[PDB]
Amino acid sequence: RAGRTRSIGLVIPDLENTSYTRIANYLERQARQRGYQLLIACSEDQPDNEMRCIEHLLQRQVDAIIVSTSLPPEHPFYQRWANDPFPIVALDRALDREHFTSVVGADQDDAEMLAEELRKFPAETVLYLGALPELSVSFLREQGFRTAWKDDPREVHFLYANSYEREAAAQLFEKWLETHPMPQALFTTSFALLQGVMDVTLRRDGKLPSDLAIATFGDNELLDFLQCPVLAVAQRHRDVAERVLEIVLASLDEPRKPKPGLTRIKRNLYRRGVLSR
């Protein structure tokens, strides 16, 4: 009755993806310290499931909802709250810049940062293995890569898989090797795509060779088991969770609400492989 539950909804695809769980982990920790209960609802990245998760959280009267939406930004479902005190804050994937605050990545800047450091290696063959070129995220990462290499004299091969997947990249990378030599510099826009070339580089060269510079999005601590140079960008998961919660709490308790639009948070570049020494 015009009160609050001191609870926050969080709609994400699942509690499996390495990146979403890390942010949820810090989000839960920082919210409980502030006296808020997180109400996690997993959509499995399906639109119909997400919209039901939103309505169930509303039924439980959460004070706000943090959502990583599977819909287009101005899909009309979220426009229901376009001019509404109820705070809906987008995470990772953006809502309408006009009416919602979204904490998102800086994929173009991240890729230029990651590509530039890969350009430091003077390798002759360079491969850019990506996926789903028609997606805005794929384009931004490609635009960032090309910006770092606009004046580099080397030809860069661009190879796009049809899904951000392990086995998909594996068979794409093998047919590509029937026609070209193995690259001396590799650039993957997803760490799953890098797994795919491994199952080829294992099934072909037996080992994984050195004298090969890898740059990738995502990150594993098992990237340190690589004797070749490996560069990698990963989200500042706890900075992102902090910023999201700042926006939620500011929308709830403070007179001048946060302004709508995108707030981007850069990734950190980590030096794996022989680089770590």
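Residues carry their position along the shown sequence, with the first being 1.
Annotation for 34-42 versus 214-222: the higher mean temperature factor (C-alpha) is found in 214-222.
Mean C-alpha B-factor is higher over 155-163 than over the other stretch, the pair under comparison being 92-100 and 155-163. Sorting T147, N83, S138, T179 by the CA temperature factor given in the entry leaves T179 at the top.
Going by the entry's values, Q184 shows the largest Cα B-factor out of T188, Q79, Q108, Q184. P255 sits in the highest third of its chain by CA B factor, as recorded in the PDB entry. Split the chain's modelled residues into thirds by C-alpha temperature factor. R4 is in the lowest one.
Placement of the Cα temperature factor of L58 within the chain: lowest third of the modelled residues, per the deposited record.
Among the modelled residues of its chain, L231 has a C-alpha B-factor that falls in the highest third according to the deposited record.
Per-chain ranking of the deposited C-alpha B factor places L208 in the highest third.
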